[PDB]
């Protein structure tokens, strides 16, 4: 099994106990650590934060303590846009420029691979031709990584991609059966299914549909997303199920209607640390005073409300349920967004350090046998 965990290079700017750096990283927590995010300059892989080079050394230095650990660098993300990807994949020359830059960059900074996080080929302004061009990019990278291993004698660089769960995005951008052959693993973004952009409350990451749902809405859940990627040709062993250590919040139209599907007027109040309306870290929801926690029986996930605030999130129990699910489907493991959104320092939830991600590790049977300081949940 794999446990793929994302580090984010902006978590260093959060205040107080929520501030996260590589020193808060546990080298033996995950099997693969992915660094979000790199960018692109003149079709070449580039840093995005002023101290990335410092952080790269600390991040990849974790392998000195756990030599089994693999690291990857993720390019793109949700604020990156699409135009730079579009321009880079548009010609063989630009793809070659990018591919060679990626090999050089990853080797220089001691990363073991590249994770592609384009949001998304064929959507969000990216033209329809980018679907086939993304396939070509994936093939170009896989082939060039293979060749570099042959010629250098080094362990081959890994290639992964973070891919969407929603059928509209999948069909617009992803030749699933083709790319799955060339990717080492596929990081399924099984979250952001619902959120404050919608007029009624809904859960960030429900495992199954609600009985009431129909049409396209009935596929906005983890099980449907997993089955979608499997049926479209991803080998189960390559499919890695995303797990969110965050939730999505709503302001209710009325404090007297707190159901799933209740009317909402907009985003929930921003959290005290993450400061982004509509989103909360697990550590911002786990210890919410005077709130009422509920479970969505059909969907196997919790929500919590207080006054006119409603948040759908994941807890230890839902993570256990989802790992049981992925094992039943024979998936290659779990992926988690993100290290800095779990209670990484144990400052909030009274469940020790990394309660959610330790739960993943435990349920995947990945607890190091020589481990001393882990906490079972």
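Residue numbers count along the first chain shown, from 1. If you superpose the two forms and keep the largest set of C-alpha atoms that fall within 1.5 Å, you have the rigid core.
Root mean square Cα distance to the shown form, taken over structures and residues in 6 other deposited structures of this protein after a core fit, is higher for 80-88 when 206-214 and 80-88 are compared.
In a rigid core superposition of the other structures in 6 other deposited structures of this protein, 22-30 and 337-345 differ in how far their CA atoms stray, and the farther one is 22-30.
Annotation for 207-215 versus 162-170: the higher mean temperature factor (C-alpha) is found in 207-215. Between 281-289 and 142-150, it is 142-150 that carries the larger average Cα temperature factor according to the deposited entry. When the C-alpha B factors of 275, 199, 300, 194 are read from the deposited coordinates, the top value falls at 199. Of the candidates 113, 76, 271, 263, the one whose C-alpha carries the top B factor in the deposited record is 263. Ranked by C-alpha B-factor against the other modelled residues of its chain, residue 18 falls in the middle third. Compared with the other modelled residues of the chain, the Cα B-factor recorded for residue 364 ranks in the middle third. Annotation for residue 229: C-alpha temperature factor in the lowest third relative to the rest of the modelled chain, per the entry. Ranked within its chain, residue 58 lands in the highest third, by CA B factor from the PDB record. In the deposited entry, the Cα temperature factor of residue 85 sits in the middle third of values across the chain's modelled residues.
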